[PDB]
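Quick setup: one chain, the form deposited in one PDB entry, written in structure tokens, and binding and motion questions come after.
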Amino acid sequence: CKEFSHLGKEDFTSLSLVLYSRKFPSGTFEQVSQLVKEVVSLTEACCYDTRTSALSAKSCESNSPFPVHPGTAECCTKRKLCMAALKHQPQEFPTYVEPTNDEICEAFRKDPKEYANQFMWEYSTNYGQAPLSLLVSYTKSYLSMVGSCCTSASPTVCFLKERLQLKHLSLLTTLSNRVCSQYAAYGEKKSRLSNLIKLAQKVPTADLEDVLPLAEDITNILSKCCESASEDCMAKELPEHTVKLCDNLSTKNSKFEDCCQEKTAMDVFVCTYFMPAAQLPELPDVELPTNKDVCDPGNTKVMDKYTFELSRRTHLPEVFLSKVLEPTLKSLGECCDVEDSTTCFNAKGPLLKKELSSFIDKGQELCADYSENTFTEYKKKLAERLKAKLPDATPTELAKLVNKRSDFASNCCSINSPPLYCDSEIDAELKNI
């Protein structure tokens, strides 16, 4: 109620559209607009579960106006406020594409309101994991640009200049959506390890000491800035993070040196982000940390050292590594709070080693040749491998397997593969062939 008054009607409604578009990434323009239509109608005539209930209720109605969370129609079976318990899944495959200047201005003069609403909805559903404060700030600035540029002396020049002034906020928002989505999908502890893994893969040359502080720092920034309703801090924190990146890795790797030479902190960050897993020196094998030092609740130095060492020695994608480390380390951890840890470790050790080895072997089998070749060249070697394992396979059957397996590998064998999507795709591929 307090916000509705201080913000007004139209503005409070704008905030809501962005707010609810983030919540229902899969929702349609119509549905989200409809839900917001009545959420305001509520606040207004209540500034009260008389309307709050009418909302949750009219939400289950088969073929309902409102957008639906996965599990809504399910747990609706009725309390009945299970809906608030349901967590929303991010959109990992953004499809937002900015129209041409003409497309923008024609749409804008014809219907200024719906053009801005369609934009706030589509931009927010696509990059809904970026901080609310940032989305609101970018979409308001963007609409202001559209507003002034389409009626300027020369829209073309206006747009060229104004988009340049907005590039920073623009890249910051999509970048923030990407890293915060990964953060929300994994949770703080796994995100931290995930980032430690990726840095290890990008610079196996470095020592644990060069990358750990960085995994720590990015993690601190995300837990602090990924969620803010009015004052964004991603812009305040990320630049100094690139300074740490360069201080520690600028001289440890040629490619990092080049990244660190770019014009802005944003460019340095993006550049390091897109950097793929480099060729690994292939050092000696590393045994699981089956020792009392992993029991330190105060530190994770041991778990971090193992994670780091495993990453710079095992040619496997981070989505795979992060996936198996969690259960593995948790299993080890079960030998901590017992009367005799040594006996527990000596028993669990041989078992975890085989399970890990099996997972790793299968994962490297699923991603074989992807990283070292161009997609096309990958597709070619992949077929040869399949041909050798399936001599009686018709060319059609081989084509289908090549298609399926190359689809999986393009989605889940890259350093920046989608966590949520791959988690389930990996489960399936593991019990394959």
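We call the rigid core whatever largest set of C-alpha positions still superposes within 1.5 Å between the two forms. Residue positions are given as counts along the sequence shown, with the first one as 1.
Note that the form deposited in another entry isn't included here; everything after this is about it.
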Q. After the core is superposed, which of these residues, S371, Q364, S406, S64, moves its CA 2 Å or more between the shown form and the other one?
A. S64
Q.
Once the core is superposed between the shown form and the other one, does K330 show a C-alpha displacement of at least 2 Å?
A. no
Q: Align both forms on the core first, then report whether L15 has a C-alpha shift of 2 Å or more between the shown form and the other one.
A: yes
(Q) Does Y142 shift between the shown form and the other one by 2 angstroms or more at the C-alpha, the core having been superposed? (A) yes
Q) Are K353 and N299 closer or farther apart at the Cα level in that other deposited form than shown, by 3 Å or more? A) closer
Q: Can you tell whether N299 sits closer to or farther from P350 in that other deposited form than it does here, judged by CA atoms, where the change is 3 Å or more?
A: closer
